[PDB]
Amino acid sequence: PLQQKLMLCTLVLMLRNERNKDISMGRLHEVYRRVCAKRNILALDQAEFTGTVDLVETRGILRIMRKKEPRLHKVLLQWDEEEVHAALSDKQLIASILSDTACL
Amino acid sequence: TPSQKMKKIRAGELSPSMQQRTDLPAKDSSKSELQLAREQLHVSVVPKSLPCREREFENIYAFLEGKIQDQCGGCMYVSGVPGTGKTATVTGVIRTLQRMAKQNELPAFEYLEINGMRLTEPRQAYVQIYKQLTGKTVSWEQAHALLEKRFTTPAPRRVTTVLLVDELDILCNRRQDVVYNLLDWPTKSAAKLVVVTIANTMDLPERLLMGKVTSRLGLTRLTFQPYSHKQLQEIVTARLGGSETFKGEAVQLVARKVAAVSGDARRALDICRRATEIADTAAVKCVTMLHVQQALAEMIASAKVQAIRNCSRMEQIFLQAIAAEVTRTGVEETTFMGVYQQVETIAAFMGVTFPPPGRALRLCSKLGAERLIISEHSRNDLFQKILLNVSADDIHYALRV
Amino acid sequence: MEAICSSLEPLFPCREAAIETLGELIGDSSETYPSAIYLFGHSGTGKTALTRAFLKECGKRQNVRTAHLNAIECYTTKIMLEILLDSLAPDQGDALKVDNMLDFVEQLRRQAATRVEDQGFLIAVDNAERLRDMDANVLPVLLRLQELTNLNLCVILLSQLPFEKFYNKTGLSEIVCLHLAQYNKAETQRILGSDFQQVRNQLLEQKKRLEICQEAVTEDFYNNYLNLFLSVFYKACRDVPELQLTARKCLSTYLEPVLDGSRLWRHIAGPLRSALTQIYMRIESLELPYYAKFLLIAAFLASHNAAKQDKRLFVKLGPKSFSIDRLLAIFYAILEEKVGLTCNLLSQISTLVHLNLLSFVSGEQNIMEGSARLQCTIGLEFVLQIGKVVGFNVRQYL
Amino acid sequence: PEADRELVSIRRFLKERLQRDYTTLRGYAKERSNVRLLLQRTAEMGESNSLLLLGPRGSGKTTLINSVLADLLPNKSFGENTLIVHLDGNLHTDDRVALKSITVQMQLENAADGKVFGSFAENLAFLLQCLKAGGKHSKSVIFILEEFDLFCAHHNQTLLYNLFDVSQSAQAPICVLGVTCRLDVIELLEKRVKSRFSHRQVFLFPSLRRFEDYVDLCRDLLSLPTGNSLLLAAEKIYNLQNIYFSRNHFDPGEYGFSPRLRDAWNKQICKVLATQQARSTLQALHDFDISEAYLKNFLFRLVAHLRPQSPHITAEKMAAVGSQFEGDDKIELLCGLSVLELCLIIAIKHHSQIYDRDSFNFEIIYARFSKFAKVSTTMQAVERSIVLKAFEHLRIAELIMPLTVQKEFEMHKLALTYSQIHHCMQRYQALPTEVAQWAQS
Amino acid sequence: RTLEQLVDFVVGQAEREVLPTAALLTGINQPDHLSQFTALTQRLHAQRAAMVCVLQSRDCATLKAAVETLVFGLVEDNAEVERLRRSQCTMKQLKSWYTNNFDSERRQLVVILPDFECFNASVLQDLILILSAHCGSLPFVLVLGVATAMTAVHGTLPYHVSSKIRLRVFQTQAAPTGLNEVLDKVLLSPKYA
DNA sequence: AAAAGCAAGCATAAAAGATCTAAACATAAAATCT
DNA sequence: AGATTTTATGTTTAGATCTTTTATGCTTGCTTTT
Ligand SMILES: Nc1ncnc2c1ncn2[C@@H]1O[C@H](COP(=O)(O)OP(=O)(O)OP(=O)(O)O)[C@@H](O)[C@H]1O
Ligand SMILES: Nc1ncnc2c1ncn2[C@@H]1O[C@H](COP(=O)(O)OP(=O)(O)OP(=O)(O)O)[C@@H](O)[C@H]1O
Ligand SMILES: Nc1ncnc2c1ncn2[C@@H]1O[C@H](COP(=O)(O)OP(=O)(O)OP(=O)(O)O)[C@@H](O)[C@H]1O
Ligand SMILES: [Mg+2]
Ligand SMILES: [Mg+2]
Ligand SMILES: [Mg+2]
């Protein structure tokens, strides 16, 4: 699904650009909304974004460490980016997201 | 006396009836065509032959037919994201096998089934499997002992038994005794059990099952991929029949905006029903594309900007000052004291007075009950921590445009 | 609603506004009640006695069923529900049984009757600050018990805290806040002077002194004495029961020159400034064994002298932590007699710990492993008194 | 006196309307129409639906559900072909309590006079077997789960997974209907439970963000209705009582005002609400919280003050209740303290202003107080024990809170802004001038 | 002598809100005083003036356990003067038992607390507030056993708790005086060989 | 130059916080005694 | 054909467990006064 592709590309971008791999669901969603705004496509709300990240979690691509609140849950990537790039199979899009440093 | 009722219930000798309607259900011929599409589009109406799941049907059918005809037993693990036609395909394969065994083209077989979320405890599956055999309700220890006496001991003429197990991850727990028994019974030669296990996560045997349980679960596996842009259109146009009550672009927009989110088929069959209900109140008989756009905007809702615009003016000043303190201090978690100081600054700018802090705690409690912000219990005032739950740009989008 | 306020006002001087507000909100039982009322104030403000007298007068005069509670008593919610339904469902006997919050709501729903009889219910919960420390579904249900039970009941709550302390993460229903202000000096003088006939009768039952008192114990005399008492005692406390229980003893000292033949203020102002130092103490030298005295002053030096100064004092913020071996080392350094390490000495260490003369700031689980940390908890003047009785001059080592 | 009793009838009427009007619903046309057509399709056509009422606390969600049920129940079709199961998240704190309540309210064979037999597992198995045994010929259940977000917190969300799954299955036509205040309740759900949920959602934001709607609401809440409206309202309430709140509802036929009395009352209400003072009080009240429960609380405190000597509402009465609402309640506690505790709070404010909100201690505050008390020429006589009991009196009012060790050395935090202590310095009665000078420096 | 003064204090409360309470400044030698409190229970039972519970610190780690041992001690002490489970001995059951028995006649409900220094502070303050809540309905008397001094009583009782206390101080004789009395009248007696 | 004194660093451990489970407690089915 | 332990069972609460996170303390590595 396209929203799962955008979520995986923003997670790969935030993991590449930042030394601190403590990514929260809210800190990821705030970048994902800016990426969807620059792609000129409608973004999901946080209540749907949490279910989208939970559906990506079933594939084993991620692991969510639960916390007291849904915004505070910690996404943790469990594939290397060289596997994530071959899994997304949309290199023209990942080349656009990973060259989009200004939206972080 | 109640004890005779409970004994007749636990012995299974009274069927659990439900009360019937006083009035008869309405006849089919009085229905409108749009109502006929609304009832064909219900998610409970499983088709007799599922569109776009033929390959998985051949896979589960070849596995179950080989395990039944060889009289050997074994296990399978099917998995996939919810709404992708797992349980419907497995029950369709089992109904096809029962229709074939009824005509003596196949050996006869028993079909037990359980579900891991209908059980309060993992061990209660022992109560239920035995309840699909004898029909008696007994304690789980006696049921486990009778199930071991049934499966470990060769008793011709034993018939093949297929134990479908939905919701396998709920049955796990720490000891993993129940799933070990359910996967260890097929390995014995005396039991002809063929257990199929449905679950969501692809990596479940490696993620949370033990090494011997994963070794018993085997390497035969099947994954139900999410429905694409096209398969979701084929499903809904199969549900509608030959009716033209839905525009083809409307079904195409439903499928295009549902497959981009999840690939769930229940979301498409619910959005099409809501589009039918929206077209019904407009007194049109065709579901034109703007009815689908309204149903999509309703069922993929994003109503937080409406909540910030509908807040009282002091709550809007509070929502501005929390984001102002987040921008000022940098860290995302703010104490109530600096939030109140920024509140006094913004209220001095706008000219309205602000309520004293005992009423500002009532405003913070209202925003924390509405989940616009995350906030602690109010007993530790001025030092309670106030996370902002809504994004900071949504507040300016609500209070500017 | 008029008869209740008329019957409570003589008992409660300077509370006509609070009694008027309570008799407007929950006076008449035929009128519907607010869903919850929260009156609050300081200690001594008279809220427990006011809600008790109000609930008693409403239950005697009208059809209401009253239930008073103390929320400290309800360590579990089942205790509160059983007492609340023992009072709101009278004469149920020992057959009464409440499992949870749902059974309480159902059995209170059974108590509804016809509108002709105009019945009402009232629930007062004193010490309501404890309601936020328990099951976190008791307080939200208590603030909407009227909507839940479909029944004409108000849930009064009583605490020393504002309702801003009571909000939780899930929010709360509306409540009618009410404030019991503490009295100023004039209303406190009117309250202390409102019991004048009782103390006058108490003197007249207790014989030249009887006529010389009854000819000179009139209302202006008690008012001038209460002015002389509140001129010194109002600075320390506004607490009305404490002012009563001190003012009676101070009158018992004050009255003597009148019985024995201004011209009074200095003779009482001697003792009156002595009673001011004994305020809050409600009253109507620690002998120790010798080696326990040396152990206690050694623990005081261990907690008062810091770890670095022992090497300079003995080789020959808060109180500091000290390990037990540091205590034994300072004890052997100050002892200058060297007794053996018998069982009785370490037993004295443990029984000084048990008397709260020492404390366990940490450790606890491993006293014997040497990881335990003790902390001396006495003042310096007791140590100087022990050093006077012993003959060990403590101030040399400080 | 007749005029003494008409005011008592008006006051009992207005109080009973502000407290017990469980079915009247102002506003929400399309949302109530959605809920009503959904329950009507579940009762008639046998469709298995689900719904989730959402919105801020104080908006009419429970009142909307009671209005829809009150207009659907006396139809003698919805009442005969549909049984209703209320559940509440505050009372049903565990899945087994909610399950025994479901078994009682559906009148299942194992219930028998309100005492369900069997275990939690046997109750779940008998309930699911009764629901699987039904069909379109069986009666429709309508579950109504108030405080749905607390039902999301139960173990495995297991009851929720059953209640949605019957709605997803060809069994008994049930209609799950959550009602909750959280706007993000749907991300609390497990992905299986979220999949079986039908994502239709009804947000009930109040329609009176405009001030003129708030003034019209406050006018309609105080006006006496026309008597033919009392006849139609009593007719509808009698229709819902011939067949739950109906034992103690409004019943507006008990009160029947004369036309001159209703005319004089509505004239006085319009004249009061046309004034600038009452509009300024309602403007401050609307600026704080717009929700109707807040206005009904203010109006109950207003209507409760109608003594026979003063029949009329006036703008000064609304201004008095509004001045009661807006006042800080910690300054009113600080003014009740004796001068010793006020000197202790002034020493705490000095230690906080100097050390920039560092945590203090009883010893530091007693030293800072004694440095003033040695030259105060009125505070020389206090013992250390009296200052310690005054510090504990500050601590039990939660004007001082522990950082979460001896009681005299425990660290603490002031729970006050400096402006609250500064307004206590002006509101205090009979403050000695030495303390008023020491507070400035 | 101190026994007669304590018994007169309990009977004077029986002749008659704050709970009356009697601090007893006893010595450091805590085990010896159980015979003193036992003699107090023997005198109060012999006069039929009161019924006595004794609250050891080992039995009262929490407020629930303190209330359970208090009610269980009062009911079983009355049963022993002339067995419910400890889960159900609520203070409401104590009020119902006192109304079923002694409302027709008033026995005091003395609650000895021999080891006052060993108590948890929060449990003791909550118990004093609970016993003060029931005054008038249930006549409580709270004698104590303070091994140290009255400054410990004024320290562990806060402003709110001491607002509901009307304590009176009795003093047991010093331990060295008792040693000197035993050594002169027993170990130096002519009559022992 | 000798031994007490301030940053550094990993480490047992301590809070905690959810979480799962074992035993104590309430309770129902049932042989047993009358 | 009815009362009594007897026993098997389900619930609930206290304790074991998993996990994060935070901290004092154990040791180190300089650091610096006498
Ligand atoms: N390929 C399909 N063709 C037609 N209808 C479908 C198809 N897939 C799913 N559906 C509809 O969607 C529903 C999906 O139910 P199903 O039991 O297959 O979900 P599931 O994958 O088992 O979900 P979960 O994993 O959450 O249990 C079915 O009732 C069916 O009506
Ligand atoms: N206005 C008054 N007139 C006469 N007596 C009063 C008044 N106010 C208080 N009292 C007296 O105060 C005594 C007890 O006060 P009360 O216990 O009600 O205070 P409280 O607020 O309950 O204290 P706490 O909050 O500490 O429990 C009563 O005996 C009562 O006589
Ligand atoms: N639209 C409305 N029409 C009529 N009365 C309303 C409306 N909105 C709110 N009220 C009034 O608000 C008060 C509380 O409303 P209600 O009980 O419906 O809130 P609620 O939905 O229970 O909130 P929550 O469920 O969050 O507690 C009621 O007295 C009711 O009269
Ligand atoms: Mg399934
Ligand atoms: Mg009180
Ligand atoms: Mg509600």
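These residue numbers are counts, starting from 1, taken along the chain as shown.
Just so you know, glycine gets a Cβ as well, placed from its N, Cα and C.
Sequence-distant contacts of C:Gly46 (ATP binding site), defined by Cβ-Cβ distance under 8 angstroms and a gap of at least six in the same chain, are C:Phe12, C:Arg15, C:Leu180, C:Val240. Among the features that Swiss-Prot reports, ATP binding site is placed at C:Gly41, C:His42, C:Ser43, C:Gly44, C:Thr45, C:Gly46, C:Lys47, C:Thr48.
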Listed in sequence order, the residues of the same chain lying six or more positions from C:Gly41 (ATP binding site) whose CB sits under 8 Å from its CB are C:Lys47, C:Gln160, C:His179, C:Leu180, C:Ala181, C:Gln182
For C:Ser43 (ATP binding site), nearby residues of its own chain (Cβ under 8 Å, 6 or more apart in sequence)
C:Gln160, C:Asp239
Given a separation of at least six residues and a C-beta threshold under 8 Å, show me what packs close to C:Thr48 (ATP binding site) in the same chain.
C:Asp126, C:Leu158
Starting from the Cβ centroid of C:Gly41, C:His42, C:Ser43, C:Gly44, C:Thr45, C:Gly46, C:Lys47, C:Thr48, the recorded ATP site, name every other residue in that chain with its Cβ within 8 Å, sequence order please.
C:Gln160, C:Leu180, C:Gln182
Would you identify the secondary structure of C:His42 (ATP binding site) according to DSSP, in three states?
coil
Listed binding-site residues: C:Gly41, C:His42, C:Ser43, C:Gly44, C:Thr45, C:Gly46. Which have a CB under 6 angstroms from an atom of ligand 6?
none
Neighbourhood of C:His42 (ATP binding site), C-beta criterion under 8 angstroms, separation at least six
C:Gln160, C:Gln182, C:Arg238, C:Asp239
Check each of the binding-site residues C:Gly41, C:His42, C:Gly44, C:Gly46, C:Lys47, C:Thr48 and report back the ones whose Cβ is under 8 Å from some Cβ of chain D.
C:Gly41, C:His42
Nonlocal residues around C:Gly44 (ATP binding site), in sequence order (Cβ under 8 Å, 6 or more apart):
C:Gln182, C:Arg238, C:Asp239, C:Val240, C:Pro241, C:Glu242
When DSSP is mapped onto helix/strand/coil, what comes out for C:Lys47 (ATP binding site)?
coil
Proximity to chain E among binding-site residues C:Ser43, C:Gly44, C:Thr45, where any Cβ pair is under 8 Å:
C:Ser43, C:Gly44
Excluding near sequence neighbours, so keeping only residues 6 or more apart in the same chain, what lies with its CB under 8 A of C:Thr45 (ATP binding site)?
C:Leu180, C:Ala181, C:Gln182
